[PDB]
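Student:
There are 2 protein chains.
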Amino acid sequence: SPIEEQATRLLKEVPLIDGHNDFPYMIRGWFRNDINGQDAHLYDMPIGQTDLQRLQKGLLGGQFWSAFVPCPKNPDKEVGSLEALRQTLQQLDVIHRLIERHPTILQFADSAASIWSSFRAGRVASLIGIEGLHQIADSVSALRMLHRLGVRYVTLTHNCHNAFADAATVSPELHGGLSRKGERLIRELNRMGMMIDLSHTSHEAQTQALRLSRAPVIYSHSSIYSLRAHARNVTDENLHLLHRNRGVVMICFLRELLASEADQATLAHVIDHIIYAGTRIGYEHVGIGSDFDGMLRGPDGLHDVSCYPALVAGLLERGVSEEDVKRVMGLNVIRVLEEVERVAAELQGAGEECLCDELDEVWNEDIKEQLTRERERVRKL
Amino acid sequence: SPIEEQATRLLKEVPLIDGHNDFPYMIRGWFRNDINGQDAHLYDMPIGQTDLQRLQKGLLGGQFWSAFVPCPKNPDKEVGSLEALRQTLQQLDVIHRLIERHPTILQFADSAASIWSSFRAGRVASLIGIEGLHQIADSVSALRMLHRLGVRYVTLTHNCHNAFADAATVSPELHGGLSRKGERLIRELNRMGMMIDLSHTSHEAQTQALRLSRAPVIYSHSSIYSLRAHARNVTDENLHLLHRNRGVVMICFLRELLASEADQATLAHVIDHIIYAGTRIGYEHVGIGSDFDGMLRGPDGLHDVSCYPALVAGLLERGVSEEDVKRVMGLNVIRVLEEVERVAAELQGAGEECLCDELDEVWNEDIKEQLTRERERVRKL
Ligand SMILES: [Cl-]
Ligand SMILES: [Cl-]
Ligand code: NI
Ligand code: NI
Ligand code: NI
Ligand code: NI
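Sequence lines, in order, name chains A and A'. A prime marks a further copy of an entry chain.
Heads up, the first sequence is in PDB author numbering, so the first residue is 4 and it goes up one at a time.
Heads up, the second sequence is in PDB author numbering, so the first residue is 4 and it goes up one at a time.
Next up, the structure:
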C-alpha cells in the first residue's frame, strides 16, 4: 500500500514519542523488579501490551516510561507517604537497569538533543516521568534529586489528593484546584526544568496551573471532554488555556476515555480525538499518550505497542498533512521539553531563588552558643 | 621559609583530597538547608571549622563532602528508617546546591578523571559520601540511585548497628562483624563501583570486609590503634589486611582518637599516626581524613580547613619524601577510586548479576490469570 509506506517513511524520518507507558510497573507486578536471566521473557512477555520485540515492531521513536507507585493506603499517613518515596526509587532503579541491560534497543534520554541522538542511532529514546506528587513524600529536595536521576515530567496527582493539588476522580475536593503550596511548586518546577503534567488532575487544578505556569505543560495521557465526558478528559476551556500556555495534549488510548461503552472503543475514536484538538487549537498542540500497560485491554486496532504504524497510517488516511502528522508523532513533545529547558536556563541564569523545605531545628540554643564561642576562639589565634 | 614554599608548591602540583568533612550537616544545623542570600555567611561562617574563604586559604585540592544523617531514634523502627532516607536526599540536595551556587570555588567530581579536570581548573574537587547504611532504609535499589546522584563511598555503619554490619561504639554486638546480607552487599558495592568505607565499623566487621572485598576500600576518617587504643581506630591486624586489599587509611584529626587526654592532642600526633602507618604498610596506603565539622574543636595546629599547609610542611620536616607526601595528600585516594571503577567495569563487563531487593507480591493469582488470558487473545489476532 502507498499509505503504509508513507507511514513507515514518516516513522523513520521523525521519532514517534509516546507520553505514558506503565511497563515498569508490570515488571514490578510480574518479575518483582528482578530481571536477571529474563531476557527471553522481556523480549516476548507472557502478559501485558509491551515487550522489547513488539516495541521494535511498532517503530516507536521514543517513550516516557512511567515510574508510578500507587497512592498510599496505610492508616499511618507518615509511613505510607515515606513508603511511596522508597517505592519510587525502586521503580526508577528498574527503569535504569532495563535501559542499561538492553543498550541495542533502549537508550536513556533527558533532553531534546538526547532524544535526537538516540533516534539517529536507531534506539528508542527512553525518558522517565512520575505519576503523582504523592511519590515525593512532601519533599521538594527529593523532587530535585528525582530530576537528577532522570525524571523529566511530574504528574501533579494520581487518583488521590495530595498537599499540592486535587485529583480528578476523587470527591469531595480538598483544595479546589491547587493548594498554596502547589502554586509555589509550579514556580519551582519551571525553575528546575521539570515538565508539568496535568493528566489525572481536576479541571480546576488544570485551569489554575495553565494560567500560573511560565513554561509549557503536557497532558501525558488524557483525552477530549466534548467527544466523551469524563473527569479525566480535557475541557474546551482548558484546551484554550493549553494553547496560550503553548502545551501539548497527548491523546489517551483508554477505552473508558474514548467512548461511553468501553468495548465499542477503536482506533478511529483515537483519530477523532486527535483531529478534534488539532482542528480547534492547531496540530502543534496535540500528541500521543497511549497509557499502554495502564489498562488490561486496548481499543480495536491499538491492542499493543506494535500498532503505532496503524495510527500514523490512519491519520494520513483522514487527510492530516505529513507535517501535521510528524508534529503529533513527536516534534510537539520535543518542542515542549526544549522550551521547558530554555525557561529553566533563563530563570537559573537570572539567579531565581529555589524552594526550600520546612526543616526542623536540630540544635538547641545551648549547642549554638558553644559553636559561636568556639569560632571566636579560632578568630583570636 | 624554604619548607613552606615546598609545601605550597606540592599543594599546587597535586590535589590534597580530604576523606571526610561534615560541613553539609553544619548547613543543616545552622541554616536548615536554606542558603538563599547567605553567601557572605558561607564565605565567612559564624560557626564551625569550614567556610569557602578558609577552604581557599588552606589550598585544599579535593573533598569528600559527608551526606550524613543521624541514626534513627524513633520507637517505630519503620518510620525512623524511612525518615533517614528522606533526610539523606535533603543532604544530597544541599550539597549539590552548594556546589552549583559557587562554581568558581567548588566543582562536582565522581571519578579520578573528574578530580584532575577540577584540579586543573583551580577548583576544589567536590565528591560525596554517606556516613552509614542506615541511610538507605534497607533498599539496595535506593543505594544504586544514591550512586547515580553522585555518592562515591558508603560508610557501612555510624554509631548504630544496621541489617548489614556492626558499629564500633555500640555493645553488645548484633552480627559479630558483617551479617549474611552484609556479605552479599560487599559484592554489590564492588559491582556498582561504590567505594567501601570502614570508619565507624567494628574491628571484626573490618577484618571480614577486607578479606571479602574484591576492590580496594578506605577508612574515610580513622586513626591507628597502637598509638592510641580506641574502638574507632584501626588495629595492626586490620592494617595488614588493608595492605593486601590495597586500601588507604585516611588519618583522623579527632582529639579523642589521637591521645588519651583530648586537650593534649596536636598536629604532631596526626603526623605520628601518618608516619606509623606509612612505615609499617607503606606510604601508598595512608591518607588524610580530617573529620572537620564532625567535632567542636580540633588539635593544636589543625584548628580548621586553612591549616592543611602546616600538615604538609610538618610531614616534610620529619623527613617524609616529596613523592610519599604527594601520595598521602591525594594520589592514594585517587588510585583507590580508579581501581574501584576498573573493578566495577570488569564485573559489569563480564555480566555479573546485581543484588535485587525483597519485594512483596502486589498482584494476586486472579489478576495474573486475567493478564495471561488477555495476552493469548492478542496472540490469536
Ligand atoms: Cl492492570
Ligand atoms: Cl557538633
Ligand atoms: Ni501510569
Ligand atoms: Ni495514569
Ligand atoms: Ni561525619
Ligand atoms: Ni564520623
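Every residue, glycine too, gets a C-beta built ideally from N, C-alpha and C.
#1: Going by DSSP in three states, A'/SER69 sits in which element: helix, strand or coil?
#2: Check the C-beta distance from A'/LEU374 over to A/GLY51 and give it rounded, since I have them as a contact under 8 Å.
#3: Are there 16 or more other CB atoms within 10 angstroms of the CB of A'/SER324, so buried, or fewer, so exposed?
#4: Alpha carbon to alpha carbon, how far is A/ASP200 from A/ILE221?
#5: What does A'/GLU356 touch in chain A if you count any residue whose Cβ is under 8 Å from its own?
#6: Which parts of the segment 234 to 305 of chain A are runs of the beta strand (DSSP E), unbroken and 3 residues or longer, counting only runs that do not cross its ends?
#7: Out of A/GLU342, A/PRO27, A/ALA170 and A/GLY333, point me to the one whose CA is closest to A/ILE131's CA.
#8: Do A'/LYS60 and A'/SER293 have their CB atoms nearer than 8 Å?
#9: Only counting the same chain, and skipping five residues up and downstream in sequence, which positions put a Cβ closer than 7 Å to that of A'/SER223?
#10: Looking at A'/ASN193: is its Cβ nearer than 8 Å to the Cβ of A'/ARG214?
#11: If you draw a straight line from the C-alpha of A/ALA171 to the C-alpha of A/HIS246, how long is it?
#12: Would you report the Cα separation of A'/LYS383 and A/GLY301, rounded to the nearest angstrom?
#13: Hey, does A/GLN373 have any beta-carbon neighbour from chain A' nearer than 8 Å?
#14: Closest by CA to A'/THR160, which one among A'/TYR228, A'/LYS15 and A'/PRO73?
#15: So if I measure from each beta-carbon to every heavy atom of ligand 5 and keep distances below 5 Å, which residues remain?
#16: Would you tell me roughly how many angstroms separate the C-alpha atoms of A'/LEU92 and A'/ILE6, rounded to the nearest one?
#17: Assess, as a yes-or-no matter, whether the segment 228 to 237 of chain A' is touched by the segment 163 to 177 of chain A' under the definition of 3 or more beta carbon pairs within less than 8 Å.
#18: When the Cα of A/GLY32 is compared with those of A'/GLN351, A'/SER4, A'/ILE370 and A'/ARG376, which residue comes out closest?
#19: With distance defined between alpha-carbon atoms, name the residue in A/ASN165, A/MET197, A/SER182 and A/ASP47 nearest to A/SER114.
#20: Does the beta-carbon of A'/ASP294, which I'm using as the reference point, lie nearer than 7 Å to any heavy atom of ligand 6?
#21: Any contact of the segment 39 to 46 of chain A with the segment 348 to 368 of chain A, i.e. 3+ C-beta pairs under 8 Å?
#22: Give the single residue among A'/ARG338, A'/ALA168, A'/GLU377 and A'/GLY135 whose Cα lies nearest to the Cα of A'/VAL154.
#23: Using a Cβ-Cβ distance cut-off of 8 Å, determine whether A'/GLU377 contacts chain A.
#24: Nearest to A'/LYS184 by alpha carbon, out of A'/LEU350, A'/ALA168 and A'/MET195?
#25: Residues in its own chain within less than 7 Å of A'/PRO75 by CB, not counting five upstream and five downstream?
#26: Tell me which residues share the same chain as A/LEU55 and place their Cβ nearer than 7 Å to its Cβ, disregarding the 5 neighbours each side in the sequence.
#27: Could you give the first and the last residue of the continuous alpha helix (DSSP H) run that contains A/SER120?
#28: List the residues of chain A' whose Cβ lies closer than 8 Å to the Cβ of A/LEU85, in chain order.
#29: Any idea if A/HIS288 is buried or exposed, counting beta-carbon neighbours within 10 angstroms, 16 or more meaning buried?
#30: Output the distance between the C-alpha atoms of A/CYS255 and A'/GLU379, rounded to the nearest integer angstrom.
#31: Please report whether the beta-carbon of A'/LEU95 lies at a distance below 8 Å from any beta-carbon of chain A.
#32: Using a C-beta to C-beta distance shorter than 9 Å, which residues of chain A' count as neighbours of A/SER142?
#33: Under 7 Å between beta-carbons, which chain A residues line up against A'/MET197? List them in chain order, please.
#34: Can you confirm whether A'/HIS306, when its beta carbon is compared against all beta carbons of chain A, has any partner nearer than 8 Å?
#35: Just the Cα atoms here: how many angstroms apart are A/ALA208 and A/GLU186?
#36: Taking only the alpha-carbon atoms, compute the straight-line gap between A'/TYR228 and A/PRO78 and give it to the nearest angstrom.
Tutor: According to the structure data:
#1: Correct three-state label for A'/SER69: strand.
#2: Approximately 7 Å separates the beta-carbon atoms of A'/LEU374 and A/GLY51; this is inside 8 Å, confirming the contact.
#3: Looking at its Cβ environment, which holds fewer than 16 other Cβ atoms inside 10 Å, A'/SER324 is exposed.
#4: If I take the Cα positions, the gap works out to 5 Å.
#5: Going along chain A in sequence order, the residues near A'/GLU356 (Cβ under 8 Å) are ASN39 and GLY40.
#6: If we require 3 residues or more, the beta strand (DSSP E) runs fully inside the segment 234 to 305 of chain A come out as 251 to 254 and 289 to 291.
#7: When only C-alpha atoms are compared, the closest one is A/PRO27.
#8: Cβ distance not < 8 Å, so A'/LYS60 and A'/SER293 don't count as in contact.
#9: Answer for A'/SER223: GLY22, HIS23, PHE67, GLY132, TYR156, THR158, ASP200, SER202, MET253 and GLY292, listed in chain order.
#10: Not in contact: A'/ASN193 and A'/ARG214 (Cβ atoms no closer than 8 Å).
#11: Going by C-alpha positions, A/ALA171 is about 21 Å away from A/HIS246.
#12: Here the alpha carbons of A/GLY301 and A'/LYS383 stand approximately 15 Å from one another.
#13: Under the Cβ criterion of 8 Å, A/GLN373 is counted among the residues facing chain A'.
#14: Closest by alpha carbon: A'/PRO73.
#15: Counting only residues whose CB is nearer than 5 Å to a non-hydrogen atom of ligand 5, the list in chain order is A'/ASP25, A'/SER69, A'/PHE71, A'/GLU134 and A'/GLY297.
#16: Straight-line Cα distance between these residues: approximately 43 Å.
#17: Touching, per the Cβ criterion.
#18: Shortest Cα-Cα distance from A/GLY32 to any of A'/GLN351, A'/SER4, A'/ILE370 and A'/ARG376 involves A'/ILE370.
#19: Measuring C-alpha to C-alpha distances from A/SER114 to each of A/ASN165, A/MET197, A/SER182 and A/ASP47 identifies A/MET197 as the nearest.
#20: Proximity of the beta carbon of A'/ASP294 to ligand 6 is indicated: a heavy atom of the ligand is located closer than 7 Å.
#21: In short, these stretches do not touch, since the Cβ pair count stays below three.
#22: Measuring from the Cα of A'/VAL154, the nearest candidate turns out to be A'/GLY135.
#23: Answer yes: the Cβ-Cβ gap between A'/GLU377 and chain A drops below 8 Å somewhere.
#24: The alpha carbon of A'/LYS184 has as its nearest neighbour, out of A'/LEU350, A'/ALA168 and A'/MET195, the alpha carbon of A'/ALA168.
#25: Within the same chain, and ignoring the five residues on either side of A'/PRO75 in sequence, the residues whose Cβ sits closer than 7 Å to its Cβ are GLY83, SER84, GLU86, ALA87 and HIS137.
#26: Close CB contacts of A/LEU55 within its chain, under the 7 Å cut and outside five residues either way in sequence, are with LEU45, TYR46, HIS105 and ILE108 (chain order).
#27: Where A/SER120 is concerned, the enclosing alpha helix (DSSP H) stretches over 115 to 123.
#28: The answer, in chain order, is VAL82, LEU85, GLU86, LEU88 and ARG89.
#29: The residue in question, A/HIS288, is buried, as its Cβ has 16 or more Cβ neighbours within 10 Å.
#30: Rounded to whole angstroms, A/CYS255 to A'/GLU379 spans 24 Å at the Cα level.
#31: Chain A contact via Cβ: present.
#32: Here the neighbours are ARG89, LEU92, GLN93 and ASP96.
#33: Annotation: A'/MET197 has no Cβ neighbours in chain A at a cutoff of 7 Å; minimum Cβ distance is about 14 Å.
#34: A Cβ of chain A is located within less than 8 Å of the beta carbon of A'/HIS306.
#35: About 10 Å.
#36: Looking at the two C-alpha atoms, the distance is approximately 50 Å.
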